[PDB]
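Down below is the structure, laid out as structure tokens.
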2 protein chains.
Amino acid sequence: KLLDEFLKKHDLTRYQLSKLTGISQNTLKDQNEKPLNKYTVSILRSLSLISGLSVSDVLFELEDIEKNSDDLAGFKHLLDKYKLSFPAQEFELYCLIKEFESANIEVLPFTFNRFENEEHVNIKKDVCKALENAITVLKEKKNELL
Amino acid sequence: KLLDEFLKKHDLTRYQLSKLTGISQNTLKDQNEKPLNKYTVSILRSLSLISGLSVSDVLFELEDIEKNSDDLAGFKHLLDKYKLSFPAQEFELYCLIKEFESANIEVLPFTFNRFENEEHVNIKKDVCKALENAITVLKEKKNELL
């Protein structure tokens, strides 16, 4: 639940947000179930007001939370297998996938049939390179839309 | 119009947006009439995709456009009467006004009836001071909410 996790991270509750804004607790409950792409600038501003964050930083924190739950077009499964983390590149991949979503465009999952037969002396390096290559593929796909 | 103005700055049309996204022209027409607080993260992402700007810069450019048309609680009239510009302070006043609105609190206009019937040999410094104190006062009022 995106809204609740943001509030909890700042030691805030729906009660306090409701108290500040007059937004009903029913409304905030419905809000908590929506994916980020449905959040309005209005609710980002409310969250900015109560948290002290700029609207841009509110959105980024909400994105970071949503991203931890995202499949990353298949890379999450891979990263989790080897307990790896590439915070910057994972977020970039996430950002590219959400962009395609906003143009109502299918992002086929990346597959690793080749990868997981082949052996890797530095699994961290090789996954990093697969991840960057994926980002490149998406960036190219992006620039051929435009 | 907010959406048109953003698209025009980047040499784009709603038609183009519509063909990239699958969003209908009538929907974008309606979108063009909405204040920025009604914008969804989805539409920001769509605008980021087509413009090449990050969602943050899309948001700021939209904020900037909306700010240039906002009354700024009576200060728009005042600044234009003396054709003055204080970018940072004007934007921060806009920010505060939009924060209060997201908390369903209306900001009463500042009045200048006595100001505008007095001679001002330093109209720049005088209006700057009034703007700085308006922001100071709004910040105090914002703090009593939290």
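Quick look at the numbers
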read-out: Candidate set from the range A:96-125 (those that are part of a loop (DSSP other than H, G, I, E, B) and of a type in the set (A, V, I, L, M)); member that is farthest from residue A:35 (Cα to Cα); value: A:121
read-out: Residue in the range A:16-31 that is touching an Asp or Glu at 6+ places or on another chain (Cβ under 8 Å), over 24 Å from residue B:31 (Cα atoms) and not in a helix (DSSP H, G or I) present; value: no
read-out: Residue B:99 closer than 18 Å to residue A:54 by Cβ, surrounded by 18 or more Cβ atoms within 10 Å (Cβ to Cβ), among the acidic types (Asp, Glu) and free of Cβ contacts under 8 Å to residues at least 60 places away in the same chain; value: yes
read-out: In the range B:56-71, the residues that are in a helix (DSSP H, G or I) and either more than 17 Å from the chain's Cα centre (by Cα) or among the acidic types (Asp, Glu) (or both); value: B:57, B:61, B:63, B:64, B:66
read-out: Options A:115, A:86: the member that is out of contact with any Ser or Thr (no Cβ under 7 Å at 6 or more places or on another chain) and either crowded, with 16+ Cβ neighbours inside 10 Å or among the basic types (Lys, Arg) (or both); value: A:86
read-out: All positions within the range B:32-49 that are in a helix (DSSP H, G or I) and either surrounded by fewer than 20 Cβ atoms within 10 Å (Cβ to Cβ) or at the interface with another protein chain (Cβ under 7 Å from one of its Cβ atoms) (or both); value: B:36, B:37, B:38, B:41, B:42, B:45, B:46, B:48, B:49
read-out: Candidate set from the range A:19-31 (those that are polar (S, T, N, Q) and crowded, with 16+ Cβ neighbours inside 10 Å); member that is nearest to the other protein chains (Cβ to nearest Cβ); value: A:21
read-out: Criterion violated by residue A:133 - all others in (1) buried (at least 17 other Cβ atoms within 10 Å of the Cβ); (2) assigned to a helix (DSSP H, G or I) satisfied; value: (1)
read-out: First in the range A:68-88 and over 20 Å from residue A:98 (Cα atoms), second anywhere and assigned to a helix (DSSP H, G or I) and among the charged types (D, E, K, R), Cβ under 7 Å, 6 or more apart; value: A:84/A:124
read-out: Matching option when the condition is of a type outside the set (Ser, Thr, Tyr), more than 14 Å from chain B (Cβ to nearest Cβ), closer than 30 Å to residue B:28 by Cα and surrounded by 14 or more Cβ atoms within 10 Å (Cβ to Cβ), among A:108, A:93; value: A:93
read-out: Residue under evaluation residue B:128, criteria (1) out of contact with any strand residue (DSSP E or B) (no Cβ under 7 Å at 6 or more places or on another chain); (2) part of a helix (DSSP H, G or I); (3) surrounded by 15 or more Cβ atoms within 10 Å (Cβ to Cβ), criterion not met; value: (3)
read-out: Residue in the range A:118-134 that is within 11 Å of chain B (Cβ to nearest Cβ), out of contact with any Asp or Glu (no Cβ under 8 Å at 6 or more places or on another chain) and farther than 27 Å from residue B:23 by Cα present; value: no
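Where a number appears in this text, it was derived from the coordinates with a stated rule and is not lab data. Don't worry about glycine lacking a Cβ; one is built from the backbone with ideal geometry, like all the others, and counts go over all protein chains shown.
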